[PDB]
Amino acid sequence: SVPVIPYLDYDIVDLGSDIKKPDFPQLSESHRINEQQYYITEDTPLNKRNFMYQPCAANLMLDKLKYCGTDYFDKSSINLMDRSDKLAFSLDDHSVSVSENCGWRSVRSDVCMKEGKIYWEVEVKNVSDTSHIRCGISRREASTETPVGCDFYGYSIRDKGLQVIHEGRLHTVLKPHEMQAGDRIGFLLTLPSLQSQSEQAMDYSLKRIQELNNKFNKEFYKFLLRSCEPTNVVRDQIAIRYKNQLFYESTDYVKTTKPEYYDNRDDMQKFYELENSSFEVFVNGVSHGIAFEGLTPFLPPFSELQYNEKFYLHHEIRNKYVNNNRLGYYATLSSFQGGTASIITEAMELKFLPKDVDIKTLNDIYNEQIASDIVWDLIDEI
Amino acid sequence: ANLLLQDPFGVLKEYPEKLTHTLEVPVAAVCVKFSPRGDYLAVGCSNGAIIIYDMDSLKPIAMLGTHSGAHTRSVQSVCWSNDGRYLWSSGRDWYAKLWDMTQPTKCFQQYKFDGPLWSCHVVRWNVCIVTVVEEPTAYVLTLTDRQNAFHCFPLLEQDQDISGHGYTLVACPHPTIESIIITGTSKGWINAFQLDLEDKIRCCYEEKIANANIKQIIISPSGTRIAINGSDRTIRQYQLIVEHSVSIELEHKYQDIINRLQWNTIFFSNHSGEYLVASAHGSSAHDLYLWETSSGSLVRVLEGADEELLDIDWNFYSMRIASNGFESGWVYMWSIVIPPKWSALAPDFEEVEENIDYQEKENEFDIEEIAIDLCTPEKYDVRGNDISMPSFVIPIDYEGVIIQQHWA
């Protein structure tokens, strides 16, 4: 119904104008922890009402899209969209830190973790007797203000004793060794292949259509799980101006329940778990065992988008369980009253690397995040 | 007293502020005196009755003046005993009846006076100093081993004159000594009288402060402060030095600058007398006053009434102010209210007056043989009173309770 939005005075940029294309999350003095000055983000939009916000660039080369995807920071680091308002960061160590009287918050890092063997380490910069830190994993489905480990959209690690967190529970299944002022956490994160995820995607597609489905009309909800294709995307990611500058209204998933498919053999509720996942920490580079073999297979049918039930059923219309370039588990980091911990990206700053063959940092997948997001929308241009 | 152990958070006042009862007594009154606890109010009624009220349901339990010794004319003042067992009642029917509530309708021993009275004051429960009108001595009447010999002890030395001072109109005993009696003349002067409980008396203290008819002399219950109410418009609180040997000095003067009213009655606070009340005389003065007895300022006003209030009483247990509105006759009464608490619905509620910013802790996401004694009673209440004296409960009339459905 609405037209595309044209270019403005900061959009078409001169050669010598080295201004940056989305406006910087500007730094302002919050508190002074670790004898450093940490800084906030002031005028940027933040993820609320089950939505998110993303920088766009005024791309001139296309006809249908006048905006395509881009990023601020050159390497990976904490995403600025999942942030609180009393949460602070720096350009020195990139640690997230809430205030001295602020509560339990969290920030994800924007690596989109779907398949392969991906590994990154998490610096534990400081801990006190009153400060707690929960570094771990969480999805794009799970939000930032809750400390993760609240649901099955993410699992985290406890501060002392490493009691591995799931739905608020504290499982002591690894080797317990508490964080100190010079510690580090290395998430050896084995995910199986995207072909292994795609056949679990048809497993929830084929068992929600007609196995238990005999509400008043459920064939039109069967049809969205009928056309529930393993990688295919129905994205509504449009560009909006906001606080005089350009951003995205990108859709975000809504909270759902536990996928319990009745296998006839197990005579009970059977759960969807991935093909041999592994959740290992590197506290100073020693093997601690495997916590989670049960990371979820999620991409079309396990997370439900922002979809309309009454406006849309009368009629063209999108599908309920689809994909995008943003779905995956994310490098997550939580803080409590100023528990300072940092994410560590590249192998030159990695201190305790495993001998592996498939050691992949964020920046391999982050460069793949830059290169796919353009060409996921170069199919949108037709 | 266990209601005040449960009522507040722990803050309880030192004067009542609001007025919550009103005794609908259509025949008017002269004096209102409580019991030495808060239970019983003796009402000195105008025609000659005494309609004693139970202070829990505002409807009476007895009437002293049925069997023997009813007052024909008005009854002027009354006091009670140490325990609340007896009543010593001074009236205008020329009669001072010592009543006892063991027989709650009959007098025990009377005295036909030479004329009317003003007041009465007891030192022990039997001996009582009375103010015979137009008499420059105080014939204190004592109930002796026999009741009949009311020894009219003249409260004056045989040589001493108060010629030029008039008659003695007020006599109030000392709280802490219990043997030196402060009296005030009809013209200015103040005497002291050390009764030996033999009958030697010493005029240790005499003076004149200002020429007036001294309507009232009160002493604070710590024996420190003594206030004088003249027939002019002033209240002189004085400080008392008794080791006997007595001398006073001027502490403060309280007046009404606006209307210049006379103060009818004055009364002090409980412990050391940190608050002075008064009731003014002229019409449109509709309210008892309060004063901080050190600074001197008008600090609060008991604005509850509609008439002029004549007499006063402050019992310290229930913290009430009883006062007869003289025009209508009804006994106005003030009481410390306690607002209700929903915090006692479940054993953990809380009534916070503001939207508190509770800090967010970690817990929100996680999933005997003491000494026991049964024998002793209580020793001190929250007010800090003389409690652990189980008082003389006035028995209800168990001689004629069966009759009380039929014809009074």
# chains A, B, ... in the order shown; residues from 1 in each chain; ligands from 1

call {"tool": "interface_residues", "arguments": {"of": "chain B", "to": "chain A", "cutoff": "12 Å", "atoms": "only C-alpha atoms", "output": "short mmCIF file (atom, residue, chain, number, x, y, z; two decimals) with N, CA and C atoms, in the first residue's frame"}}
result
data_model
loop_
_atom_site.label_atom_id
_atom_site.label_comp_id
_atom_site.auth_asym_id
_atom_site.auth_seq_id
_atom_site.Cartn_x
_atom_site.Cartn_y
_atom_site.Cartn_z
N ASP B 357 11.18 1.03 44.51
CA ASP B 357 12.01 0.47 43.45
C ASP B 357 12.88 -0.65 44.01
N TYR B 358 12.28 -1.83 44.08
CA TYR B 358 12.95 -3.02 44.58
C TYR B 358 14.03 -3.46 43.61
N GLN B 359 15.24 -3.67 44.14
CA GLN B 359 16.36 -4.10 43.31
C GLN B 359 16.20 -5.57 42.92
N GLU B 360 16.78 -5.92 41.78
CA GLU B 360 16.53 -7.22 41.17
C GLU B 360 17.65 -8.18 41.55
N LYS B 361 17.32 -9.17 42.38
CA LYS B 361 18.32 -10.11 42.87
C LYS B 361 18.40 -11.35 41.98
N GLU B 362 19.23 -12.30 42.40
CA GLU B 362 19.49 -13.50 41.60
C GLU B 362 18.35 -14.51 41.74
N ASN B 363 17.63 -14.46 42.87
CA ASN B 363 16.72 -15.52 43.29
C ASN B 363 15.48 -15.64 42.40
N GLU B 364 15.16 -14.59 41.63
CA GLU B 364 13.91 -14.49 40.88
C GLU B 364 13.80 -15.49 39.73
N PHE B 365 14.92 -16.06 39.28
CA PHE B 365 14.91 -17.03 38.20
C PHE B 365 15.30 -18.42 38.65
N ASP B 366 15.67 -18.61 39.92
CA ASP B 366 15.88 -19.95 40.44
C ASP B 366 14.54 -20.62 40.70
N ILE B 367 14.54 -21.94 40.70
CA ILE B 367 13.30 -22.69 40.84
C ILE B 367 13.17 -23.25 42.25
#

call {"tool": "residues_around", "arguments": {"residues": "segment 374-382 of chain A", "least_positions_apart": "3", "cutoff": "8 Å", "atoms": "only C-alpha atoms", "output": "CSV table (one decimal) with N, CA and C atoms, in the first residue's frame"}}
result
chain,number,residue,atom,x,y,z
A,62,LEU,N,19.6,-0.8,-7.1
A,62,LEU,CA,18.5,-1.7,-7.4
A,62,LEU,C,17.2,-0.8,-7.6
A,63,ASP,N,16.2,-1.4,-8.2
A,63,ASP,CA,15.0,-0.7,-8.5
A,63,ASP,C,13.9,-0.9,-7.5
A,64,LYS,N,13.6,-2.1,-7.1
A,64,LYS,CA,12.6,-2.4,-6.1
A,64,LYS,C,13.0,-2.0,-4.7
A,65,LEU,N,14.2,-2.4,-4.3
A,65,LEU,CA,14.8,-2.0,-3.0
A,65,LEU,C,15.7,-0.8,-3.2
A,68,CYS,N,19.3,-1.9,1.2
A,68,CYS,CA,19.7,-3.3,1.5
A,68,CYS,C,20.5,-3.3,2.7
A,69,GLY,N,21.0,-4.5,3.1
A,69,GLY,CA,21.5,-4.6,4.5
A,69,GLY,C,23.0,-4.2,4.5
A,325,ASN,N,17.6,-14.8,6.9
A,325,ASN,CA,19.0,-14.8,7.3
A,325,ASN,C,19.4,-14.4,8.7
A,370,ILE,N,27.5,-11.0,6.0
A,370,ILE,CA,27.5,-9.8,5.1
A,370,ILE,C,27.2,-10.3,3.7
A,371,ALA,N,27.8,-11.4,3.2
A,371,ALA,CA,27.7,-11.8,1.8
A,371,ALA,C,26.4,-12.5,1.5

call {"tool": "closest_residue", "arguments": {"among": "B:197, B:58, B:4, B:190", "to": "residue 124 of chain B", "atoms": "only C-alpha atoms"}}
result
B:197

call {"tool": "residues_around", "arguments": {"residues": "residue 90 of chain B", "least_positions_apart": "6", "cutoff": "6 Å", "atoms": "only C-alpha atoms", "output": "VMD selection string"}}
result
chain B and resid 76 to 77 96 120

call {"tool": "residues_around", "arguments": {"residues": "segment 328-344 of chain B", "least_positions_apart": "4", "cutoff": "6 Å", "atoms": "only C-alpha atoms", "output": "ChimeraX atom specification"}}
result
/B:16,18-25,28-29,320-324,349-350

call {"tool": "write_last_selection", "arguments": {"atoms": "C-alpha atoms", "output": "tab-separated table (two decimals), in the first residue's frame"}}
result
chain	number	residue	atom	x	y	z
B	16	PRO	CA	-5.45	12.31	71.46
B	18	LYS	CA	-9.76	13.29	67.18
B	19	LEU	CA	-13.02	12.91	69.06
B	20	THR	CA	-14.79	9.57	68.68
B	21	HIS	CA	-17.41	9.09	71.38
B	22	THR	CA	-20.06	11.31	72.91
B	23	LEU	CA	-21.96	10.23	76.01
B	24	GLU	CA	-25.59	11.12	75.37
B	25	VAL	CA	-26.36	12.18	78.95
B	28	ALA	CA	-26.08	17.90	82.50
B	29	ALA	CA	-22.90	17.33	84.46
B	320	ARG	CA	-8.86	9.97	76.51
B	321	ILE	CA	-10.09	13.45	77.24
B	322	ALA	CA	-13.52	13.52	78.84
B	323	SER	CA	-15.18	16.91	79.08
B	324	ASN	CA	-18.75	18.01	79.66
B	349	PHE	CA	1.54	-8.45	53.78
B	350	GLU	CA	3.16	-5.03	53.83

call {"tool": "residues_around", "arguments": {"residues": "residue 130 of chain B", "least_positions_apart": "4", "cutoff": "7 Å", "atoms": "only C-alpha atoms", "output": "JSON, numbers by chain"}}
result
{"B": [119, 120, 121, 138, 139, 140]}

call {"tool": "write_last_selection", "arguments": {"atoms": "N, CA, C and O atoms", "output": "compact mmCIF listing (two decimals), in the first residue's frame"}}
result
# COMPACT_ATOMS: atom_id res chain seq x y z
N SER B 119 -14.51 21.52 96.10
CA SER B 119 -13.74 20.42 95.55
C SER B 119 -13.40 19.42 96.64
O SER B 119 -13.66 19.63 97.82
N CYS B 120 -12.80 18.31 96.21
CA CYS B 120 -12.26 17.30 97.10
C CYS B 120 -10.97 16.78 96.51
O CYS B 120 -10.76 16.86 95.30
N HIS B 121 -10.10 16.27 97.37
CA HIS B 121 -8.83 15.70 96.94
C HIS B 121 -8.41 14.67 97.98
O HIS B 121 -8.40 14.98 99.17
N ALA B 138 -8.66 24.51 105.72
CA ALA B 138 -9.18 23.36 104.99
C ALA B 138 -9.42 22.24 106.00
O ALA B 138 -8.48 21.57 106.43
N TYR B 139 -10.68 22.04 106.36
CA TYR B 139 -11.04 20.98 107.30
C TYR B 139 -10.99 19.64 106.56
O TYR B 139 -11.99 19.15 106.03
N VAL B 140 -9.79 19.06 106.52
CA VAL B 140 -9.60 17.76 105.90
C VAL B 140 -10.24 16.68 106.76
O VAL B 140 -9.99 16.58 107.97

call {"tool": "residues_around", "arguments": {"residues": "residue 159 of chain A", "least_positions_apart": "2", "cutoff": "9 Å", "atoms": "only C-alpha atoms", "output": "ChimeraX atom specification"}}
result
/A:127,131-135,157,161-163,178-179

call {"tool": "write_last_selection", "arguments": {"atoms": "N, CA, C and O atoms", "output": "CSV table (one decimal), in the first residue's frame"}}
result
chain,number,residue,atom,x,y,z
A,127,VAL,N,34.9,-10.4,38.4
A,127,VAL,CA,33.8,-10.9,39.2
A,127,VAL,C,34.0,-10.5,40.6
A,127,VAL,O,35.1,-10.4,41.1
A,131,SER,N,28.7,-9.7,42.4
A,131,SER,CA,28.5,-9.7,40.9
A,131,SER,C,28.4,-11.1,40.3
A,131,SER,O,29.2,-11.9,40.7
A,132,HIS,N,27.5,-11.2,39.4
A,132,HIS,CA,27.3,-12.5,38.7
A,132,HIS,C,27.3,-12.3,37.2
A,132,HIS,O,27.0,-11.2,36.7
A,133,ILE,N,27.7,-13.3,36.5
A,133,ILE,CA,27.9,-13.3,35.0
A,133,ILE,C,27.4,-14.6,34.5
A,133,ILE,O,27.7,-15.7,34.9
A,134,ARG,N,26.5,-14.5,33.5
A,134,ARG,CA,26.0,-15.7,32.8
A,134,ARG,C,26.2,-15.6,31.3
A,134,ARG,O,25.3,-15.3,30.6
A,135,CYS,N,27.4,-16.0,30.9
A,135,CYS,CA,27.7,-16.2,29.5
A,135,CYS,C,27.2,-17.5,28.9
A,135,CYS,O,27.4,-18.5,29.6
A,157,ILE,N,25.6,-20.4,31.3
A,157,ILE,CA,26.6,-21.0,32.3
A,157,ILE,C,26.5,-20.2,33.6
A,157,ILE,O,26.5,-18.9,33.5
A,161,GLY,N,30.7,-22.3,39.9
A,161,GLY,CA,30.3,-23.7,39.8
A,161,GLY,C,29.9,-24.2,38.4
A,161,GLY,O,29.8,-25.4,38.2
A,162,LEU,N,29.6,-23.3,37.5
A,162,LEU,CA,29.2,-23.6,36.1
A,162,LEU,C,28.0,-24.5,36.0
A,162,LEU,O,28.0,-25.4,35.1
A,163,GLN,N,27.0,-24.2,36.8
A,163,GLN,CA,25.8,-25.0,36.8
A,163,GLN,C,25.0,-24.6,35.5
A,163,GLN,O,24.5,-23.5,35.4
A,178,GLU,N,34.9,-22.3,39.3
A,178,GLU,CA,34.3,-21.0,39.4
A,178,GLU,C,35.2,-19.9,38.6
A,178,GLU,O,36.4,-20.1,38.5
A,179,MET,N,34.5,-18.9,38.2
A,179,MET,CA,35.2,-17.7,37.5
A,179,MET,C,35.9,-16.9,38.6
A,179,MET,O,35.5,-16.8,39.7
